[PDB]
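Please read the structure below before turning to the comments.
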Amino acid sequence: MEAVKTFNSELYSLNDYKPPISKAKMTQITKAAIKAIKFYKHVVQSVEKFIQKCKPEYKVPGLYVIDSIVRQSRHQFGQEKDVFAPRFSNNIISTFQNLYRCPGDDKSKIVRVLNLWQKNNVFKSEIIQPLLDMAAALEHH
Amino acid sequence: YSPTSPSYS
């Protein structure tokens, strides 16, 4: 499972950089995840693990990894052939619960991604709506 | 990174 370990290295190396994360570093992470597509389940698992465990300033970067991988895979393998979005959708509620533990000023950056996902049909709207509701309810509490 | 930035070729 060499391909996964290279992805794991790229993903974890986010900790060596102060957010905002560069286009270039995001690309490296994404290139690594695509190269590991035989183990896409393990990639999704590592990403979900990073998001659960990382410092608060890294939650939005973790979300950008999901966005970046999903979009690249749809571009590279076809919208309807993409394995990553359907796989990420399985634990997405749990994932966003962890993402919303980000700094106050970072909540809006998560909604921006959700709005883009909805606009560009990246995830099914039925998947996206409760995630948006979650962000809204956070502002009333 | 920008979530509107075109995917790499």
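Letters A, B, ... go to the chains of the structure tokens in the order shown; residues in each chain start at 1; ligands are counted from 1 in the same order.
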Which residues of chain A sit at most 7 Å from chain B, using only C-alpha atoms? Give each one's shortest atom pair and distance in Å (one decimal place), in chain and ascending residue order, as JSON lines.
```
{"residue": "A:21", "atom": "CA", "partner": "B:1", "partner_atom": "CA", "distance": 6.1}
{"residue": "A:22", "atom": "CA", "partner": "B:1", "partner_atom": "CA", "distance": 5.2}
{"residue": "A:23", "atom": "CA", "partner": "B:1", "partner_atom": "CA", "distance": 4.2}
{"residue": "A:26", "atom": "CA", "partner": "B:1", "partner_atom": "CA", "distance": 6.7}
{"residue": "A:67", "atom": "CA", "partner": "B:3", "partner_atom": "CA", "distance": 6.9}
{"residue": "A:71", "atom": "CA", "partner": "B:7", "partner_atom": "CA", "distance": 6.6}
{"residue": "A:72", "atom": "CA", "partner": "B:7", "partner_atom": "CA", "distance": 5.4}
{"residue": "A:75", "atom": "CA", "partner": "B:7", "partner_atom": "CA", "distance": 6.9}
{"residue": "A:113", "atom": "CA", "partner": "B:3", "partner_atom": "CA", "distance": 6.6}
```
Near residue 39 in chain A, within 12 Å and counting only C-alpha atoms, which residues show up once chain neighbours fewer than 2 positions away are dropped, as a ChimeraX atom specification?
-> /A:1-8,32-37,41-46,83-84,87
May I have the residues from that selection written out with C-alpha atoms, as an mmCIF file, in the first residue's frame?
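The file below, selection_15.cif, is the result:
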```cif
data_model
loop_
_atom_site.group_PDB
_atom_site.id
_atom_site.type_symbol
_atom_site.label_atom_id
_atom_site.label_comp_id
_atom_site.auth_asym_id
_atom_site.auth_seq_id
_atom_site.Cartn_x
_atom_site.Cartn_y
_atom_site.Cartn_z
ATOM 1 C CA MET A 1 0.000 0.000 0.000
ATOM 2 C CA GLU A 2 2.782 2.401 -1.053
ATOM 3 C CA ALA A 3 0.492 4.878 -2.845
ATOM 4 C CA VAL A 4 -1.498 5.499 0.382
ATOM 5 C CA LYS A 5 1.668 6.186 2.411
ATOM 6 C CA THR A 6 2.742 8.875 -0.094
ATOM 7 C CA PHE A 7 -0.705 10.467 0.173
ATOM 8 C CA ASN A 8 -0.468 10.229 4.002
ATOM 9 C CA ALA A 32 -0.980 12.037 -4.380
ATOM 10 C CA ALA A 33 -4.613 11.129 -3.623
ATOM 11 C CA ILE A 34 -5.350 10.499 -7.341
ATOM 12 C CA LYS A 35 -2.232 8.308 -7.683
ATOM 13 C CA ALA A 36 -3.657 6.281 -4.758
ATOM 14 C CA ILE A 37 -7.091 5.761 -6.369
ATOM 15 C CA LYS A 41 -11.327 4.248 0.656
ATOM 16 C CA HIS A 42 -8.060 4.544 2.602
ATOM 17 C CA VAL A 43 -7.511 8.069 1.220
ATOM 18 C CA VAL A 44 -10.988 9.152 2.341
ATOM 19 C CA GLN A 45 -10.316 7.483 5.710
ATOM 20 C CA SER A 46 -6.959 9.346 6.181
ATOM 21 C CA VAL A 83 -15.273 7.341 -6.562
ATOM 22 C CA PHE A 84 -14.368 10.088 -4.027
ATOM 23 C CA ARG A 87 -17.260 7.708 -0.577
#
```
Shell around residue 127 in chain A at 12 Å using only C-alpha atoms, local window under 3 positions removed, as a PyMOL selection string | chain A and resi 85-86+88-93+96+114+117-118+121-124+130-133
Would you mind exporting C-alpha atoms of the selected residues as a short mmCIF file (atom, residue, chain, number, x, y, z; two decimals), in the first residue's frame?
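Written output follows (part-v7.cif):
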```
data_model
loop_
_atom_site.label_atom_id
_atom_site.label_comp_id
_atom_site.auth_asym_id
_atom_site.auth_seq_id
_atom_site.Cartn_x
_atom_site.Cartn_y
_atom_site.Cartn_z
CA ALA A 85 -17.60 12.16 -3.66
CA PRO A 86 -19.83 9.10 -3.05
CA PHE A 88 -16.83 11.10 1.22
CA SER A 89 -20.64 11.37 1.42
CA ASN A 90 -20.87 8.26 3.66
CA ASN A 91 -19.45 9.98 6.84
CA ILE A 92 -20.01 13.58 5.69
CA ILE A 93 -22.20 14.52 8.68
CA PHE A 96 -18.61 18.53 9.07
CA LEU A 114 -20.90 24.04 0.46
CA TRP A 117 -20.69 22.23 -4.16
CA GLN A 118 -24.42 22.86 -4.41
CA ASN A 121 -23.60 19.69 -8.35
CA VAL A 122 -20.40 18.31 -6.77
CA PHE A 123 -22.46 16.56 -4.06
CA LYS A 124 -26.17 15.76 -4.23
CA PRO A 130 -28.28 19.41 6.30
CA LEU A 131 -24.61 20.58 6.25
CA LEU A 132 -25.81 24.11 5.48
CA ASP A 133 -28.54 23.88 8.16
#
```
What is the CA of residue 135 in chain A to CA of residue 103 in chain A distance in Å?
-> 12.8 Å
Go through chain A and collect every residue that DSSP, computed from the backbone, puts in alpha helix (DSSP H); the answer should be as a count of residues only.
-> 100
